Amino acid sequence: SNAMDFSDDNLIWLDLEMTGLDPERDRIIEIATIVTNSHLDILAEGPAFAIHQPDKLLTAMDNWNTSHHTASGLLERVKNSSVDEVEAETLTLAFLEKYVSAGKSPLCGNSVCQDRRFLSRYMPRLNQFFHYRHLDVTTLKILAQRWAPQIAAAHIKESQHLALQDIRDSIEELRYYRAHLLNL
């Protein structure tokens, strides 16, 4: 035995920032991951990468995205990034291999289908690294809004639209529902 954090029971949390909502025509501009155990304890935070994209593309973003990504400082980190999809993927992969094996953990986060659709198109290896299933906190959010609005309203999230920050919020949100929405 040893005290290393590896285990196939471990959960992988991942968030992305994109130039838009269309996985076929938009790109990934940021990636972050966090590994927790099944009890939601953070074991290690993964690398956070601004992913370089050609400026001609970044200037074809709508107002909402140019506003948010400039504001958060992400657009600047992107212009000065020497990391493309493959390198981010590889490094992320090397990190995740330490805590859990391939296809073991579901994709964990908030509204992660969109992420799954970008991963599938731009990061096939990392995408395949996840189990087919998803652990989406947003589902708990919906149920809290419909069935226990006072519970949902007690955990207001203010997203900074930065991957590492958002992943941290996703975990905290799940921890919250476990205590206040779940029968355990």
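All residue numbers are counted from 1 along the displayed sequence.
Look at the C-alpha B-factors of 57-65 and of 116-124. On average they run higher in 57-65.
Ranked by C-alpha B-factor against the other modelled residues of its chain, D166 falls in the lowest third. Sort the modelled residues of the chain by CA B factor and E89 lands in the lowest third.
The PDB entry assigns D9 a C-alpha temperature factor belonging to the highest third of its chain's modelled residues. Among all modelled residues in this chain, the alpha-carbon of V83 has a temperature factor (C-alpha) in the middle third. Among the modelled residues of the chain, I142 sits in the lowest third by CA temperature factor in this PDB entry.
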